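As a starting point, one isolated chain is supplied in structure tokens, in the form deposited in one PDB entry.
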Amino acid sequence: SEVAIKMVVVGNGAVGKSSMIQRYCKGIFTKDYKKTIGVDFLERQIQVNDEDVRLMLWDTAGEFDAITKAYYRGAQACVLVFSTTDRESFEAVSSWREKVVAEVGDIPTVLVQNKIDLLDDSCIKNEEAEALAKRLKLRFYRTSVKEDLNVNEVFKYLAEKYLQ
């Protein structure tokens, strides 16, 4: 048998949420300005602690109350994403954490700074990001979906945290 885990990936527009889901589940990254997923989630079968696990990664479309409720319904873990090159996306992180708690509760959550390959154009100081993760008591990953750096670790950690 297998354990199914619904995970939500949230954050401001263009931080790389759709790309992150496509990378993890399909192993691909294209150079398009915006990535789209035409179904509610992509999935990947993995092994965690000698258990078959079906991860279902739900991608946001962009919300009205019923849309928000359907997206978060039954969510079991959360990736909170901001972008190295988008200051507003970083400043919104605390509000995203509050929003996920409001919509589903205090589910296992990880903080991800995506686009770390664009470090020369970074709008975030390393110390600021570290302080935010410490204040929110969240594990923090610096990630590049484009270069496949610290993507797999995000989902493995959340799956382990959910099962443990």
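Superpose the two forms; the largest set of C-alphas matching within 1.5 Å is the rigid core. All residue numbers are counted from 1 along the displayed sequence.
Q: Among the other compared PDB entries, is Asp121 dropped in a third or more?
A: No; none of the other entries leave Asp121 out.
Q: I want to check something about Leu132: across the other compared entries that model its neighbours, is it left unbuilt in at least a third?
A: No, modelled in all of them.
Q: Missing residues between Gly62 and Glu63 in the deposited sequence, please: none, 1 to 3, 4 to 9, or 10 or more.
A: The entry has a short gap there, with 1 to 3 residues left out between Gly62 and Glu63.
Q: If you average the Cα B factors in the entry, which is higher, 129-137 or 47-55?
A: Averaging CA B-factors over each stretch, the winner is 129-137.
Q: Which is higher on mean Cα B factor in this entry, 154-162 or 3-11?
A: Looking at the record's C-alpha B-factors, the answer is 154-162.
Q: Sorting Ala70, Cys123, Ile107, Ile116 by Cα temperature factor from the record, which one lands on top?
A: Answer, based on the entry's C-alpha B-factors: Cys123.
Q: Determine, from the deposited record, the chain-internal third of the Cα B-factor for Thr84: lowest, middle or highest.
A: For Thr84, the deposited C-alpha B-factor lands in the middle third.
Q: Just say lowest, middle or highest third for the CA B-factor of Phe41 relative to the other modelled residues in its chain.
A: Tercile = lowest for this residue's CA B-factor.
Q: Within this chain's modelled residues, let me know which third the CA B factor of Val112 belongs to: lowest, middle or highest.
A: Ranked within chain, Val112 CA B lands in the lowest tercile.
Here the subject shifts to the form deposited in another entry, a form of this protein not shown in this document.
Q: Looking at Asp40, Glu98, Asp117, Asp121, which has a Cα shift of 2 angstroms or more between this form and the one not shown when the rigid core is held fixed?
A: The residue that shifts is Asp40.
Q: Specify closer or farther for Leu42 and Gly38: how their Cα atoms are spaced in the other form versus the shown form, given a shift of 3 angstroms or more.
A: Residues separate in the other form, at least 3 Å farther apart.
Q: If the C-alpha spacing of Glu103 and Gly38 moves by 3 Å or more in the other form, is that a move closer or farther apart?
A: Relative to the displayed form, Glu103 and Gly38 draw closer in the other form - a change of at least 3 Å between their C-alphas.
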